[PDB]
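The block underneath contains the structure these notes are about, expressed in structure tokens.
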Amino acid sequence: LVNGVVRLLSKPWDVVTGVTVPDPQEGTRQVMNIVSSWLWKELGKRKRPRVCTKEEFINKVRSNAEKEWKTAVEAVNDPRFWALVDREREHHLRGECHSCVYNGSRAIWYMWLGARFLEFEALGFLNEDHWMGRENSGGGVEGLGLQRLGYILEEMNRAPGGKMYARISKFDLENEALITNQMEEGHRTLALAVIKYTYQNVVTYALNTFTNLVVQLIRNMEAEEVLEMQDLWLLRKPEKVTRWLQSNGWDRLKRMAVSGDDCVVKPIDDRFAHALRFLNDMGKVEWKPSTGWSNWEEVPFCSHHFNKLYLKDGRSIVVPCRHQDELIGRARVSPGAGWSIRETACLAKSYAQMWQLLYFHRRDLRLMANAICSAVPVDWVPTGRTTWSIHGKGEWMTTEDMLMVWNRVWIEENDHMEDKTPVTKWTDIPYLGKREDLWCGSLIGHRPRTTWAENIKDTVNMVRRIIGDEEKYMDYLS
Ligand SMILES: [Zn+2]
Ligand SMILES: [Zn+2]
């Protein structure tokens, strides 16, 4: 279950152990309904819901957007697959669900994938048309990779206010379903069926993001003393909620970064820290006040923090970072018991090229990545998965030169980089400050690491020996 290629090229980390509910009350529910209705209509000002098609689903399936992918392509080509979809949709239009599989017979597999299409048909517009994208939603970050999220926190840091602060009920589900009020009747019926029966047993990412935006809007309202204690059991003067949303809702949305259950909020002051009563009544929490962060570069978001670094020419980038033990520990884990050398080497290359794109600023990872890429045949294609995060978009899964990919991601298509001058040398690309690298787990200066770095070419040649000296290798170390 260990990746032997990564393990052999990371010997200093062999001794690193880090590597080796009651209902919300009536007033709370009315607040939730008011805020949810408001936000859905704001999100729908510039977008109209639509039914996604069989043809869109087929096009998506053919690009995986294991060997199950070949089975899925065969399924969507099968007329029997779509006849079964048509029959189950007949049930959905009556508010029932019968053949859908939510959690090995080919019939069971067809109806699991058919359930996925029915969800995509009814609710795929949320992702396909980027309803929770930051442009449309203020607080969402849908579509952004780890290479961009840090810029959002940097922008939020510029707003005045306090520090930065970092379980779906049936009532949350009812509020999510309010989007169906913007649909035609057929579409609304299809969406209500998918919402109800998926819950009863990615679209849930968009709906999770919506619910979290509502929750954070409510927390700000409590923090700013618009909502009072008695409003938990009976909302007095509900129009005050509408007035606050009108006056302040968009400003507060733009003070948020929300990705599913992950969120950062920049409130207008630090009353936010103890605004926990509606949060708790909604079952979303303990009464300890939240601890805020004064430094935006330390705020955790989507398992990372984000650091502003400068190229030699003075242009800045904002990079994702996490403790190095987590990155090396994951790369050393192989999920396949088959333990094929080629599949293992190709997965190691995937991790190395990920590090070159996103974690190049870690001294240990740039060296270890170049060692891995020098030890795996240059023609072998990266395979496997290196992260479960929706914000790791997989640009490293390629045989293209990673400096060209780096340039595309950080320069060419980076909207925060107006100067599009290409970077022609890896030596122009910065590391973290040494103290910051050390803070996040770097072994620089540790004698076993120095020895590993000094003899890394010997270790690379040993891996090549094991994989096969007649393969073709490139030298990324010199
Ligand atoms: Zn069904
Ligand atoms: Zn870090």
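As a basis for the values below, the full set of heavy atoms in this structure was taken, side chains included, without hydrogen atoms, waters or symmetry mates. Residue numbers run from 1 in the order of the sequence given. Start at 1 and go down the list; that is how both ligands and their atoms are numbered.
Residues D78 and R106 are not paired through a salt bridge, judged by the lack of any N-O separation under 4.0 Å between the basic side chain and the carboxylate. A salt bridge links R188 with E185: at least one charged nitrogen is closer than 4.0 Å to a carboxylate oxygen. A salt bridge links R332 with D14: at least one charged nitrogen is closer than 4.0 Å to a carboxylate oxygen.
The six-membered or imidazole ring of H91 lies away from that of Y197, with a centre-to-centre distance of 6.0 Å or more. Between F360 and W426, the ring centre distance reaches or exceeds 6.0 Å.
Contacts classified as ring pair (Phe, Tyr, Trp, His ring centres under 6.0 Å) and involving residues 309-334 (residues at least two apart or in different chains) are not found. The salt bridge (charged side-chain N to carboxylate O under 4.0 Å, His left out) pairs that include a residue from residues 413-422 are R315-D419, where partners are two or more places apart or lie in different chains.
Here the Zn ion (ligand 1) has protein N, O or S atoms under 2.8 Å from it, and they come to 4.
Side-chain atoms of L149 and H304, non-hydrogen and from C-beta on, never get closer than 4.5 Å to each other. Counting heavy atoms from C-beta outward, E400 and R408 have side chains that approach closer than 4.5 Å.
Neighbouring protein atoms of the Zn ion (ligand 2) (N, O or S, distance under 2.8 Å, waters ignored): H305 NE2, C321 SG, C440 SG.
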